[PDB]
Amino acid sequence: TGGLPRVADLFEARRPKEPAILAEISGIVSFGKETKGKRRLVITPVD
Amino acid sequence: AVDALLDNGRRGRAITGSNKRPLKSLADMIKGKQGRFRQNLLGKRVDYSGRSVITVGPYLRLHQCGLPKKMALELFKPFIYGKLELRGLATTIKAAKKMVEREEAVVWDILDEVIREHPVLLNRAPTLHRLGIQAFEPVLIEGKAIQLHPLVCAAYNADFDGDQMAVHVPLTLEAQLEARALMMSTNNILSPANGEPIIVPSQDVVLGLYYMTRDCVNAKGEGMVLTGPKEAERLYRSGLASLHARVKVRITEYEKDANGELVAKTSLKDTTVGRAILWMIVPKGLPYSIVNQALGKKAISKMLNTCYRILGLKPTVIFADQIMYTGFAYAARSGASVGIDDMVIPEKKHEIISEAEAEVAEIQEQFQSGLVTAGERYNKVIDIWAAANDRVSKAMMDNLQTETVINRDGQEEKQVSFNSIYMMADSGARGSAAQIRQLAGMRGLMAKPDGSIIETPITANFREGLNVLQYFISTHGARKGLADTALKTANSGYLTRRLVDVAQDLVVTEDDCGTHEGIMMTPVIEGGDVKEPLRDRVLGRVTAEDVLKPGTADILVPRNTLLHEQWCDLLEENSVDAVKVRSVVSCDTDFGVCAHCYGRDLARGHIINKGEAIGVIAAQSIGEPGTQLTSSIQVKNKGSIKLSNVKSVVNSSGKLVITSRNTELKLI
Amino acid sequence: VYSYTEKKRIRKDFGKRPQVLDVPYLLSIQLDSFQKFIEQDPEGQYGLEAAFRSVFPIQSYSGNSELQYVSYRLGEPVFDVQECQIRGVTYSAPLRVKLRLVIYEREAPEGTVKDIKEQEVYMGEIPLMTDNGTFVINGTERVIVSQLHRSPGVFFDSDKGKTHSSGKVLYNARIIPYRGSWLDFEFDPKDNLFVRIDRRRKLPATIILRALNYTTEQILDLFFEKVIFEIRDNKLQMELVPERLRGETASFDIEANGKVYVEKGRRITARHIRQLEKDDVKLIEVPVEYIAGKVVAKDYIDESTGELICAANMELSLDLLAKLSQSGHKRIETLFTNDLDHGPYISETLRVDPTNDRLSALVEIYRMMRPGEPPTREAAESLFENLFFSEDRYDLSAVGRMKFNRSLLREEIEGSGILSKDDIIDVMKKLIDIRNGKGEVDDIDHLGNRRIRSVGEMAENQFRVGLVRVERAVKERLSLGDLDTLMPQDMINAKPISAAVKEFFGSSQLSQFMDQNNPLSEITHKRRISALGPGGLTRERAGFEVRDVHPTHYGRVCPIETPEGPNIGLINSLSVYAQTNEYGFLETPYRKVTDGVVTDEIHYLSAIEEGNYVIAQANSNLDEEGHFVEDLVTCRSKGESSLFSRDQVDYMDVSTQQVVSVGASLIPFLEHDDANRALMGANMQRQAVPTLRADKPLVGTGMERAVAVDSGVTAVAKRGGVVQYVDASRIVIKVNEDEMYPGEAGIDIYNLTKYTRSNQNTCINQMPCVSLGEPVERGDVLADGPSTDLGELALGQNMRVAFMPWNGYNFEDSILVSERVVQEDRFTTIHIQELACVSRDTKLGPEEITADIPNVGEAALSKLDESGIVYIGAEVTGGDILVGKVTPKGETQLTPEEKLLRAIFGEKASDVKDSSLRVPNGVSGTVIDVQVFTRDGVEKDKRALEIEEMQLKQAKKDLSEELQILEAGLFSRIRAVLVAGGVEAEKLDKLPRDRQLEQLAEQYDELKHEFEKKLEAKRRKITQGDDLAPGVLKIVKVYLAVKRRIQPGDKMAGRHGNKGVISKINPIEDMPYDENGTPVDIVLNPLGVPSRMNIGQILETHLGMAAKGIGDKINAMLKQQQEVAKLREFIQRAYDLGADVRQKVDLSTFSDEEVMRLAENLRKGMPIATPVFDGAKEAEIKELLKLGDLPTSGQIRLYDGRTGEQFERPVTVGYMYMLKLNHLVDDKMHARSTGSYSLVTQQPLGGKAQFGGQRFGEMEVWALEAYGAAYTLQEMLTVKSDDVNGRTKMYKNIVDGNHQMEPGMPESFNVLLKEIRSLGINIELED
């Protein structure tokens, strides 16, 4: 929201609806296994 | 049987012979709700207390309040009993009862003896934050309501409607010392959320000093010379010249050119009589330049802040009181009245409404043909009426800004219009040109029951007529306001509840530990303008590392240094933008915090000491604001375009296209 | 135009707007509803008679005792309003019902054995509504505050985007029953026609159809269109019905007659249907696509080829097509639904309801009732048919059935009560319309879902309960009634009704204690619109939308009347001109405008009919009759307030004020005031102080007398005539013969309440306004209620208010007032309080009042007479004793050295103690009246008997008046009989009053005989009327009297929403005065306005300068002792001031004598009737300051009473009408630190009553944790008032003055250690 509501959830640190995921490790990322419900986001490190 | 002692354990609620009664529960009897029935709202009606409404009291000095005789009796008896059998003006304590049984004038003098320098604690009921608790000195008042020092009520947010303050007697010398240690009136000057001297002249006192220091073109005596602001005092109290005449008076402004020795600098100033009188109140050290303005509310609060910076604590305190007494004094000299015949309405207002009429008529007709759609027509309408209000603004605002011209040393040299409205609108006290302009100009489009906007404005202003139509537009507004605050209140309390919940055990209990870490402090340069500076974040903190200057290999702020005003002015002499400060989340102190990781910004400006349980003071300070909670970008900042880490390239037409997502545009 | 009223004081009729609606009695809106309820109307009138009719003929199974209904009769009002207010007995009348109790022959074609009619049966009483919409039952007036719930009819709901939770805008329905249970409906973009029954879970719609035993081809026979597919000579065609083509797209090249009417790729919107119904082409060629995707109805199998592939209800598939379209069927009748318009709801709802017969249907509806248990089948058919079809259960009536069927646009908007099959299905058809094409949804704010429970309607609710509550013991009593046994008052008692009526009209959330302080405050309490109530829109369910404002409430819902805070949209009350519409709506007054001419026909409508009619606004420019100036006029079309040709308006609003309530009307220039300070204004007039000298607002709106006449605070006259004997508690009237009853002449009487108490324990006194020898009119006043002047609503008093900053006595809320106020004692109140006393037998021993009084001497008895009771006007203070109360002691406590001495020195030596009712701690007042109640059966001793004799004298004096006037009148007839029998006129002059004889000689005696039964019936009510209560035989309620004046610290305000508290009432010696010398009386703060925006009070300030200015003209002209013509020069100026508003001139009336009174009445200003929105103008205002010797500006340069200089730039000065609030400092200042604490808990005794210490809260605790106050917090929640012994260990400590204690234990803390001690852990602090 931008007031009490969102700040309250800030205190419970609620994982959102569509959580923006961050790249786990430095390195190349690729695909694998098309939509079966999920999809492989194979982030293979180079280092 | 053991279970019968707890409650009945988890058996079946053991009753007694022919009587439904789960037998006496020790568990619930020492504890209960909200912990126990002491540490809960159930903490009984305290002794040494007096619960009643409050009243003003101008003549009430800085370090004091006024207390009713009757409450005084009920709240000082034991002292009088011990004092009557101590001196020998009563034989026994029961004989003492009899003297006060008739209220003997004798015991009132003994009452005096136990009131003269007896610290008192004042705590209101609607108090959710610590700024509702202070300490004072008694003054015998023949009345029913507890009088209070005016320039403190703003912090209390305690008005005149039904605010009942409870008085709590600091009986032990410790509590009495705590009064005159941290809870004293002169001990709660800044807000424990930010270092500003929290009490800013609200409205009455502001206007007083506003009608004092002010300039114009026409004024009796404008031009003569005086060798002192003292005779300047005896010049206007008599009234042989006007309060805004530019008169040469020799004011002796001072300056702490030394480290405590304020070198004297006698200067001559062609100044207005009002601000000249303002100086007799101004403590030496402060520069005359700060009181050579047309008075501003932001300036008037930071004036005491700079009087706290330059002159320190003491000079600021005593000065604040002097202001209050003359605040009322010249407030009366103004006789700042406003009635129907004193207001002014532009007949250019109904002229802009004529314009505002034309356009909307034509747009609805475009819809009758079928050009603009309903929504298209919607916003179109809204925009022209908003711009119309700005024209109504550039109407009533310039009108009431400088339209008064007076014959003086030429044709008719204009001076800023002395309109009361103008004074409130420039003092900052209560004059909000937006409210005022919904009052004298077209109020505008009010929201709708949906949460959107009724495209119909409140054309007819408040001074002039209003219809039932305009009312119902604004009806959602009334509703809206009430609802939100009425509930934000409750949630803000549970907000502070969760805050105490989280930090109870944290105490600053060390000074230096062993960490050379903290986090990077950076100004929130985002969007257009640079909002929060590097300075105002670090203002009142402790430098983490040895920081270099934009100039290389030249350290300006050594590692452990307390950054205050001058050092912050030092930070802004060069162009250092990023500095690290030792953070408390990086604080190596085990189960506690060290001062070299916390800082100094508190309810004072000095070093945080060991003994300051900070967890809960954070709760209150942060939970307080609960009630106040709710295409093609052309660059407007004039600077150099610096492409940071972005890989752009020139192709046909010379367009510097972008091929990377990390396009961070900066304005070096 | 005038009455004797205007002769005493004419209010200057200032109005400019042509008015038409004669404001009715403002509580007739309650009276009339009550009138349609209880009234002799056996015709079938919707009320008591239709109510009883509904329940009658009352009988059960095989009892053979059908009870019929005849009529009823109501007794006499037991007491008068006055006695009901003084003693506190219910004001009602015995319901004497005439029940036709007819017993029938057992097992015969109903032959009568006894056709008895049992009359006047006592079925309890019914509170008669006093003609001011009031109800005095116990003590003072409690009133039935109207409520509001869901209007009985039918509902359609939205809940779009939030209750859909996907973006699929929902639009469903409901059916709000009148008397039974709900019937909800569904319709989501999920494609669902469901029905949530009664309240519980959602069931398929078809679950009802099959309970009625519905065959599939009876259900689909009514719902949709059947598409006739025809295969002629093995070619596929369809009989084109373009009417069905709504919601169908052009997939194949739509060919008809060979012509391509529809190219492939552009839906058949509303164009190609025109092109096909121009020649009605119902023969088209279709390939294969168009048919493969449908569902068939009849049973057509493969008749030429030979296979079982299709029977009933099947669609087409890719494999089997092979034999389907080559088989060749002649008439293929399918079903029809389309994915755009007609949603296949019911066609899929049968596919959700796994039933197909009555049995199964019954079962699943029972599961909606009680889930988990299996039903039977016979108790299942009983359940079903009796939930919505039993007339002894489900009812809707003409209210529910009108809004039901008119919302269905039918004509059967009156008739049945039970459900009709095709009507439930038509609402279902309308719901299909709602989720596909037509139909809209009813929002809660529109009257559509709002029913106004009225006073009489709420009575029918409580009384219907009474009917059935006792009936469960009446019905079976009819079965258990053989022949000569059951009779009225053998089945029906009084309690079964008493325990219900007294429970809802005595103390209920919709029938509460009327806040009594201001007559206006009283009307705004009696006449009120609550959104809360028994089954109303509460604050735990209704959120913010139910609270908001809706346009349709113009002229009915004043959003201004409501407390300030959370509850702000469920308290909003009615608009004055409005009246209750029969179905639960509101008759909205209008004016019939025959297009271009304003007729004076005022029409009452609703908000629903408002949507069909276009209405002009009252506040518009009309001319001469109603020939609208501009070509355009404000026309509220169908919700939109646009501009139209004036020749189209069907109606027009009554008056410009026709939108708000009383508290807003009486305050002018709201056309300049802010809505926020408008609500604040509303709030404070309802809290209008009961002042001593009640002055009426000079500049009102003309509803002053209107308050007096529409309220019941002033004793009005029901006949005109010369007053004969006016004292104070009595006003004896002689009535003029033109309206003097030919029934025992006609001498009326009006008894005035003299210095009594109220709910607020504030004083009420009807002050005699009529002197001796002054005639009245049928409709004038005799007394003055609290805060009234000559009947006229006089709340507070107006003073010379100013707006100048002046030494901090005006900081935003701080107010500064002249000491002259309390120096004249103009603003003072009287608080007469009642304190109950108990005596006469406590099981421990029969109690006696005072009798044996120890623990005192004779000093206390100086005011405790020969009864031990307090004097007839004492000055009791501090801790004295009001009345003596004795109570016995105890067995276990008597010592052996006093058991022996006990059985010697009398029967009661040391047993009876002194536990009297004492003067409340902390009060110093005066006992005025003693309300005593002798033991029911046995009298008191002497004092209570002295009070009876006291009452006796006060009553005797009055009844003798009405006696001697008729007794001596007919004596004059006897003075005419002796003349006829030989003149003895002068002989009777010399003879005593004892000297056609039969005739009047005997009538003299009867009037005296009447006089006897008069006072004895009166003393009947004096002697045995002291019934107290079972247990407490003798009750003594004392009446103290305490004047509380105006002092520094009291919260005072005004009308325009300007609050504040007097900071320091200063001596009149500091008051800034003008050139004249007359100081100012009020000094307020200016700074608020530019953000407060209540400028009307700065206009009222300048107009106030004028309203009083003219008064000072006549004031000084009367000092010159000038003639009637000089004052009339001024009257004419002040009548034709400076504009053309219709002043309604007189001068044919006595503009000499009739105005000579007005002279010394108008010398202190002039009462004006000014219209708020459409009344006074600035041109007229400045004209009156010019018409007075006042400054055109209204701003004089004053000279400080503490200086004497000119407050530079003339200051705002003039009069404004002040208004003190009921917030008093004696109800705020309660000091408690030391005293006594409770016994049940360590919590102190009291609160905001006796002993008011600070009930320290948990969050202030947290403030002390934000500070370093730890040691003080220690003693705070422990040693101070929490440790039962630690407090004394501190009291005996500071009587030495030593502030030094040790770390003591919270002792219960010591018991907490023993708690863990009896478990497993334990305390043994080591080292």
# chains A, B, ... in the order shown; residues from 1 in each chain; ligands from 1

call {"tool": "residues_around", "arguments": {"residues": "residue 66 in chain C", "least_positions_apart": "6", "cutoff": "10 Å", "atoms": "only C-alpha atoms", "output": "list in words"}}
result
residues 56, 57, 58, 59, 60, 100, 101, 102, 103, 104, 110, 475, 478 and 479 of chain C

call {"tool": "write_last_selection", "arguments": {"atoms": "N, CA and C atoms", "output": "CSV table (one decimal), in the first residue's frame"}}
result
chain,number,residue,atom,x,y,z
C,56,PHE,N,-55.9,-15.3,13.6
C,56,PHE,CA,-57.2,-15.9,13.8
C,56,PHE,C,-57.8,-16.5,12.5
C,57,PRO,N,-58.6,-17.5,12.6
C,57,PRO,CA,-59.2,-18.2,13.7
C,57,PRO,C,-58.1,-19.1,14.5
C,58,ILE,N,-57.8,-18.7,15.7
C,58,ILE,CA,-56.8,-19.5,16.5
C,58,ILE,C,-57.3,-20.8,17.0
C,59,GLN,N,-56.7,-21.9,16.5
C,59,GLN,CA,-57.0,-23.3,17.0
C,59,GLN,C,-56.0,-24.2,16.5
C,60,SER,N,-56.0,-25.4,17.1
C,60,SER,CA,-55.0,-26.5,16.8
C,60,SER,C,-55.7,-27.8,16.3
C,100,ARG,N,-64.5,-13.8,20.7
C,100,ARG,CA,-65.7,-14.6,20.4
C,100,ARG,C,-65.3,-16.1,20.7
C,101,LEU,N,-65.5,-16.5,22.0
C,101,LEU,CA,-65.1,-17.9,22.4
C,101,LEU,C,-66.3,-18.8,22.1
C,102,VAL,N,-66.3,-19.5,21.0
C,102,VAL,CA,-67.3,-20.4,20.6
C,102,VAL,C,-66.9,-21.9,20.6
C,103,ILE,N,-67.5,-22.7,21.5
C,103,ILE,CA,-67.2,-24.1,21.6
C,103,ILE,C,-68.1,-24.8,20.6
C,104,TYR,N,-67.6,-25.9,19.9
C,104,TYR,CA,-68.4,-26.6,19.0
C,104,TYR,C,-68.7,-28.0,19.4
C,110,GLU,N,-69.8,-28.9,12.8
C,110,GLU,CA,-69.7,-27.6,13.6
C,110,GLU,C,-71.0,-27.0,14.0
C,475,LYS,N,-52.9,-22.5,22.4
C,475,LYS,CA,-53.3,-23.5,21.4
C,475,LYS,C,-53.7,-24.8,22.0
C,478,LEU,N,-56.6,-25.2,23.9
C,478,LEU,CA,-57.8,-25.3,23.1
C,478,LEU,C,-58.1,-26.8,22.8
C,479,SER,N,-57.0,-27.6,22.8
C,479,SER,CA,-57.1,-29.0,22.5
C,479,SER,C,-57.5,-29.7,23.8

call {"tool": "closest_atom_pairs", "arguments": {"of": "chain B", "to": "chain A", "cutoff": "9 Å", "atoms": "only C-alpha atoms", "output": "CSV"}}
result
residue,atom,partner,partner_atom,distance
B:488,CA,A:4,CA,8.4
B:491,CA,A:4,CA,8.5
B:492,CA,A:4,CA,8.4
B:495,CA,A:8,CA,8.1
B:498,CA,A:11,CA,8.9
B:626,CA,A:4,CA,7.0
B:629,CA,A:3,CA,5.3
B:630,CA,A:3,CA,4.9

call {"tool": "residues_around", "arguments": {"residues": "residue 308 in chain B", "least_positions_apart": "3", "cutoff": "12 Å", "atoms": "only C-alpha atoms", "output": "PyMOL selection string"}}
result
chain B and resi 189-190+195-197+283+285-286+301-305+311-320+565+604-605

call {"tool": "write_last_selection", "arguments": {"atoms": "C-alpha atoms", "output": "PDB file, in the first residue's frame"}}
result
ATOM      1  CA  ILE B 189      13.488  20.419  24.593  1.00  0.00           C
ATOM      2  CA  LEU B 190      14.188  18.243  21.533  1.00  0.00           C
ATOM      3  CA  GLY B 195      17.197  16.768  17.141  1.00  0.00           C
ATOM      4  CA  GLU B 196      14.900  19.734  16.512  1.00  0.00           C
ATOM      5  CA  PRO B 197      13.683  21.804  19.469  1.00  0.00           C
ATOM      6  CA  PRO B 283      20.613  36.331  23.715  1.00  0.00           C
ATOM      7  CA  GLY B 285      25.733  35.252  20.646  1.00  0.00           C
ATOM      8  CA  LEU B 286      22.893  34.900  18.132  1.00  0.00           C
ATOM      9  CA  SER B 301      12.027  27.109  15.118  1.00  0.00           C
ATOM     10  CA  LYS B 302      15.490  26.471  13.696  1.00  0.00           C
ATOM     11  CA  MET B 303      16.423  29.836  15.203  1.00  0.00           C
ATOM     12  CA  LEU B 304      16.340  28.270  18.652  1.00  0.00           C
ATOM     13  CA  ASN B 305      18.027  25.259  17.041  1.00  0.00           C
ATOM     14  CA  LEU B 311      24.801  29.602  22.250  1.00  0.00           C
ATOM     15  CA  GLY B 312      23.893  26.192  23.675  1.00  0.00           C
ATOM     16  CA  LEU B 313      21.139  24.922  25.977  1.00  0.00           C
ATOM     17  CA  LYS B 314      20.692  27.544  28.719  1.00  0.00           C
ATOM     18  CA  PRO B 315      20.536  30.629  26.434  1.00  0.00           C
ATOM     19  CA  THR B 316      17.868  28.911  24.313  1.00  0.00           C
ATOM     20  CA  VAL B 317      15.656  27.881  27.249  1.00  0.00           C
ATOM     21  CA  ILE B 318      15.366  31.220  29.054  1.00  0.00           C
ATOM     22  CA  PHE B 319      15.012  32.925  25.678  1.00  0.00           C
ATOM     23  CA  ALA B 320      12.060  30.733  24.731  1.00  0.00           C
ATOM     24  CA  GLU B 565      26.900  20.405  13.025  1.00  0.00           C
ATOM     25  CA  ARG B 604      19.595  15.774  23.929  1.00  0.00           C
ATOM     26  CA  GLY B 605      22.544  16.296  21.583  1.00  0.00           C
TER      27      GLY B 605
END

call {"tool": "residues_around", "arguments": {"residues": "residue 1162 in chain C", "least_positions_apart": "2", "cutoff": "9 Å", "atoms": "only C-alpha atoms", "output": "number ranges by chain"}}
result
C: 9, 1110-1111, 1114-1115, 1157-1160, 1164-1167

call {"tool": "write_last_selection", "arguments": {"atoms": "N, CA, C and O atoms", "output": "PDB file, in the first residue's frame"}}
result
ATOM      1  N   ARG C   9     -45.468  39.336  20.837  1.00  0.00           N
ATOM      2  CA  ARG C   9     -44.192  39.501  20.155  1.00  0.00           C
ATOM      3  C   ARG C   9     -44.237  38.955  18.737  1.00  0.00           C
ATOM      4  O   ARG C   9     -44.277  37.742  18.526  1.00  0.00           O
ATOM      5  N   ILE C1110     -30.705  47.858  16.165  1.00  0.00           N
ATOM      6  CA  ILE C1110     -32.051  48.422  16.072  1.00  0.00           C
ATOM      7  C   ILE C1110     -32.681  48.467  17.461  1.00  0.00           C
ATOM      8  O   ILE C1110     -33.483  49.352  17.769  1.00  0.00           O
ATOM      9  N   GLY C1111     -32.303  47.501  18.295  1.00  0.00           N
ATOM     10  CA  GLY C1111     -32.825  47.441  19.647  1.00  0.00           C
ATOM     11  C   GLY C1111     -32.381  48.650  20.449  1.00  0.00           C
ATOM     12  O   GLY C1111     -33.167  49.234  21.196  1.00  0.00           O
ATOM     13  N   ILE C1114     -34.520  51.847  19.680  1.00  0.00           N
ATOM     14  CA  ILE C1114     -35.754  51.901  20.461  1.00  0.00           C
ATOM     15  C   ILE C1114     -35.483  51.970  21.962  1.00  0.00           C
ATOM     16  O   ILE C1114     -36.286  52.515  22.723  1.00  0.00           O
ATOM     17  N   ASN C1115     -34.353  51.412  22.382  1.00  0.00           N
ATOM     18  CA  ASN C1115     -33.961  51.429  23.786  1.00  0.00           C
ATOM     19  C   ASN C1115     -33.812  52.880  24.228  1.00  0.00           C
ATOM     20  O   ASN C1115     -34.404  53.311  25.220  1.00  0.00           O
ATOM     21  N   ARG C1157     -46.317  46.915  23.474  1.00  0.00           N
ATOM     22  CA  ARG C1157     -45.782  45.799  24.248  1.00  0.00           C
ATOM     23  C   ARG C1157     -44.490  45.410  23.540  1.00  0.00           C
ATOM     24  O   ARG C1157     -43.436  45.249  24.162  1.00  0.00           O
ATOM     25  N   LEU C1158     -44.597  45.260  22.223  1.00  0.00           N
ATOM     26  CA  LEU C1158     -43.465  44.915  21.375  1.00  0.00           C
ATOM     27  C   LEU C1158     -42.327  45.905  21.593  1.00  0.00           C
ATOM     28  O   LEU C1158     -41.158  45.571  21.417  1.00  0.00           O
ATOM     29  N   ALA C1159     -42.689  47.128  21.972  1.00  0.00           N
ATOM     30  CA  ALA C1159     -41.719  48.191  22.216  1.00  0.00           C
ATOM     31  C   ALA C1159     -40.669  47.759  23.236  1.00  0.00           C
ATOM     32  O   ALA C1159     -39.485  47.647  22.913  1.00  0.00           O
ATOM     33  N   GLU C1160     -41.116  47.516  24.464  1.00  0.00           N
ATOM     34  CA  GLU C1160     -40.235  47.105  25.546  1.00  0.00           C
ATOM     35  C   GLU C1160     -39.826  45.635  25.444  1.00  0.00           C
ATOM     36  O   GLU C1160     -39.259  45.068  26.380  1.00  0.00           O
ATOM     37  N   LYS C1164     -34.302  45.285  23.029  1.00  0.00           N
ATOM     38  CA  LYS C1164     -33.070  44.540  23.270  1.00  0.00           C
ATOM     39  C   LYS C1164     -32.731  43.701  22.042  1.00  0.00           C
ATOM     40  O   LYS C1164     -32.084  42.656  22.143  1.00  0.00           O
ATOM     41  N   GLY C1165     -33.170  44.182  20.884  1.00  0.00           N
ATOM     42  CA  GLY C1165     -32.938  43.472  19.642  1.00  0.00           C
ATOM     43  C   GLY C1165     -34.278  43.020  19.097  1.00  0.00           C
ATOM     44  O   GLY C1165     -35.299  43.155  19.773  1.00  0.00           O
ATOM     45  N   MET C1166     -34.292  42.482  17.882  1.00  0.00           N
ATOM     46  CA  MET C1166     -35.546  42.029  17.290  1.00  0.00           C
ATOM     47  C   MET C1166     -35.489  40.611  16.735  1.00  0.00           C
ATOM     48  O   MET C1166     -34.614  40.281  15.932  1.00  0.00           O
ATOM     49  N   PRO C1167     -36.429  39.749  17.162  1.00  0.00           N
ATOM     50  CA  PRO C1167     -36.467  38.365  16.680  1.00  0.00           C
ATOM     51  C   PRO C1167     -36.737  38.389  15.173  1.00  0.00           C
ATOM     52  O   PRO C1167     -37.720  38.980  14.725  1.00  0.00           O
TER      53      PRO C1167
END

call {"tool": "select_by_dssp", "arguments": {"residues": "chain A", "states": "strand (DSSP E)", "output": "list in words"}}
result
residues 28, 29, 30, 42, 43 and 44 of chain A

call {"tool": "residues_around", "arguments": {"residues": "range 163-177 of chain B", "least_positions_apart": "6", "cutoff": "10 Å", "atoms": "only C-alpha atoms", "output": "PyMOL selection string"}}
result
(chain B and resi 46-55+67+71+75-76+79+118-127+132-133+135+145-146+148+157+183-184) or (chain C and resi 1228-1229+1231+1233+1253-1256+1268-1273+1275-1276+1294+1297-1301)

call {"tool": "closest_residue", "arguments": {"among": "C:1059, C:342, C:975, C:1220", "to": "chain B", "atoms": "only C-alpha atoms"}}
result
C:1059

call {"tool": "residues_around", "arguments": {"residues": "range 31-47 of chain A", "least_positions_apart": "5", "cutoff": "12 Å", "atoms": "only C-alpha atoms", "output": "list in words"}}
result
residues 21, 22, 23, 24, 25 and 26 of chain A

call {"tool": "atom_distance", "arguments": {"atom1": "CA of residue 258 in chain C", "atom2": "CA of residue 283 in chain C"}}
result
10.4 Å

call {"tool": "closest_residue", "arguments": {"among": "B:265, B:513, B:459, B:383", "to": "residue 352 in chain B", "atoms": "only C-alpha atoms"}}
result
B:459

call {"tool": "residues_around", "arguments": {"residues": "residue 508 in chain B", "least_positions_apart": "2", "cutoff": "12 Å", "atoms": "only C-alpha atoms", "output": "ChimeraX atom specification"}}
result
/B:505-506,510-513,584,587,589-600,607-617
